[PDB]
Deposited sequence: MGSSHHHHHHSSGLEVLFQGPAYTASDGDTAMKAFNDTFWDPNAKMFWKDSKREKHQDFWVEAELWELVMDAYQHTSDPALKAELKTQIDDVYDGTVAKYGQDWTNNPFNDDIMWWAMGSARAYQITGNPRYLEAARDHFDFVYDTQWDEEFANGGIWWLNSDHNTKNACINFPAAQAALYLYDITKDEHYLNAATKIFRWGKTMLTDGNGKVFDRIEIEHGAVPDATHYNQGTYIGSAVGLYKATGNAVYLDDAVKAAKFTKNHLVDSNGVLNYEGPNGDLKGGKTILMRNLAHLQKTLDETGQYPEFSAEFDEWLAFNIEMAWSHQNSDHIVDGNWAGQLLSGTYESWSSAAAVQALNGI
């Protein structure tokens, strides 16, 4: 469908061309959190790939560079002092994508140096036979929100570099996460803690990065089991993390989860594209396409007069937030 109207509205409402960052909300008092800015960077990249408007395309090309420059101006070039390994990995993954799109070597160095720091210092086999720690300050839990994004980042690095080290990393992370952070049936657990074990709370963004890593590992290897793993996690999402009418849930008020549909929709588009160009899971592909279209139309129907959609897609039409509002824009820029 049209993703151009939604992307331009999002930029008009939230982009700060002075700081080269998105505002956190329409009160324009604070810029977006560090990790979420990486996900809005990926949204700009997805809209760049989706649009057929050469004017908007050229604007988004410049914006891909600006989002990086604005974050580096505030946080510096070296993010390895951030205690959240997931914050570092969201940026390493965005930087890998920026290189795939542009070939600007600065984005390969940012991706590789941040990925290497996390994988080389935060992968551990002492606890639970594998997995990356959530934090580099304290080691108490290993989480879906670092492990699956790390597998995805390693798969982008393998595509760019052809260095089998990165496919090895992706495979080891994903196999460990499938074993320790899922039920084997498509449900992705939040985390596994040293004292209390697995925490089997499922969320949009952890289903999403699991599906994206499984699809990426299917594309790298040709092994149909990884695509089956992705389809099971997609089916779980469609059958559990929805309301009684099939609309994806609103996961607020938690600020990190409120915009999680953005990451889910990005990765569900990857799966849709792979099913469409392979003839895999034909009955599911048709039902998946109908359910995605239903959700995207519900989101479209929830737009305000400025073409901004808050994250409560099933609810009635205040201050708008860039992370909650990103999910509809992503949904309309599927690649």
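Positions of the deposited sequence absent from the coordinates, in order: 1 to 25, 343 to 344.
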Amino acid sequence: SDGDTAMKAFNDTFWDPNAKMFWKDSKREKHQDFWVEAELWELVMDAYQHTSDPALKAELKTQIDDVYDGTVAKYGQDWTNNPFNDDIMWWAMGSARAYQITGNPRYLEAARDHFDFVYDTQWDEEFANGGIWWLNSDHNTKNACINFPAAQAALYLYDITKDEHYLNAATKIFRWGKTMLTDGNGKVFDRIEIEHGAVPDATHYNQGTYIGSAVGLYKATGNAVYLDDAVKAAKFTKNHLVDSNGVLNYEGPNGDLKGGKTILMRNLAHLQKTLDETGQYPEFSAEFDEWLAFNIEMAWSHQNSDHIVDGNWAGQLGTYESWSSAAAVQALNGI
From here on, numbers count along this sequence of modelled residues.
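In this text, the rigid core denotes the largest set of C-alpha atoms whose superposition between the two forms falls within 1.5 Å.
When the other structures are laid on the shown form by the core, the C-alphas of 103 to 111 and 232 to 240 differ in how far they drift in 4 other deposited structures of this protein; the larger average drift belongs to 103 to 111. The rigid core fit leaves 94 to 102 as the farther-lying stretch in 4 other deposited structures of this protein, judged by Cα positions and set against 94 to 102 and 148 to 156.
Across the other entries compared, at least a third leave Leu317 without coordinates even though the residues on each side are present.
The PDB entry reports B-factors from which the mean C-alpha value can be compared for 25 to 33 and 39 to 47; the larger average falls on 25 to 33. Averaged over CA atoms, B-factors in the entry run higher in 155 to 163 than in the other of 140 to 148 and 155 to 163. Across the options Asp86, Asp229, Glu195, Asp190, the residue with the most elevated CA B-factor in the record is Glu195.
Among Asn185, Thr171, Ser95, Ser213, the highest C-alpha B-factor recorded in the PDB entry belongs to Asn185. Residue-level temperature factors show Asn223 in the highest third of its chain, judged at the C-alpha atom. For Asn295, the recorded CA temperature factor ranks within the middle third of the chain's modelled residues. Per-chain ranking of the deposited C-alpha B factor places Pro253 in the middle third. For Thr274, the recorded CA B-factor ranks within the highest third of the chain. Only modelled residues enter the ranking. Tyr320: CA B factor lies in the highest third for its chain, per the PDB record.
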